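Read the single chain below, which is given as structure tokens and is the form deposited in one PDB entry.
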């Protein structure tokens, strides 16, 4: 009723529940956990591709641009969605990767990658502190898809600029749904966009761990499915080397 139409459209095209297909009747091993995380990843990737086809504005960018944005942003979209699920289903106090892959802190501690779990866990904790709304989350998730471009820019740079600006304007409207008053709503825009800026650094730790694990995947018995392997091979070294342009809302 009071919800802006683009936001209702964003809510309508959100994915259904995605399962990891993890055993759970067997004790965790570093290899089985990471394999399920990658299987979950492959499924989430498929879901991003489907979502992106319905995302207003996106289909009108050159196909190369679309592929590039998905390849740059997949880890940040996954970790943001994890943040949201963990916030909404478990009050932020477990990592809700999937309904069949939920790690409470004890399961994190016994994982082999406790510190990485803790890094990821920061996000749901920030959602709790900021009380991020569904409408703000939906807009912020679009901006993450649009949050890095090549050094040379995109083929459809003009159209990207219009689309990114439109979702920023939409995030502003989502904030205005609750944050009444110029000073509160102004501060809120700072905080939410600052959070997105801060994700670049958090995602860099995930990127490095993921790349090392991919390079060592045979030794470590971690499987990487096809689309996951393709995105990692295409872009992660270049992203880690800073040979792309992360977009920031603040200096």
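Between two forms, the rigid core is defined as the largest C-alpha subset superposing within 1.5 Å. Positions refer to the first chain, counted from 1.
Not pictured, yet referred to below: the form solved in complex with a partner chain.
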property	result
Contact assignment for the partner chain in the deposited bound form, among 196, 202, 37, 67, heavy atom within 4.5 Å	67
Contacting member of 179, 134, 71, 119, with respect to the partner chain in the deposited bound form [4.5 Å, heavy atom]	71
4.5 Å heavy atom contact, residue 52 and the partner chain in the deposited bound form	yes
Interface membership of residue 192, the partner chain in the deposited bound form, 4.5 Å heavy atom rule	no
Non-hydrogen atom contact residue 28 with the partner chain in the deposited bound form at 4.5 angstroms	no
Touches the partner chain in the deposited bound form: residue 33 (any heavy atom, 4.5 Å)	no
Site test, 45, 59 and 63 vs the partner chain in the deposited bound form, non-hydrogen atom cutoff 4.5 Å	yes
Cα displacement of residue 15 between the shown form and the other one reaching 2 Å, rigid core superposed	no
Rigid core superposition, residue 189 Cα moves 2 angstroms or more between the shown form and the other one	no
Rigid core fit then residue 233 CA moved by 2 Å or more between the shown form and the other one	yes
Relative Cα spacing, residue 76 and residue 238, in the deposited bound form - shift of 3 Å or more	closer
Change in CA distance between residue 194 and residue 238 in the deposited bound form, which is 3 Å or more, as closer or farther	closer
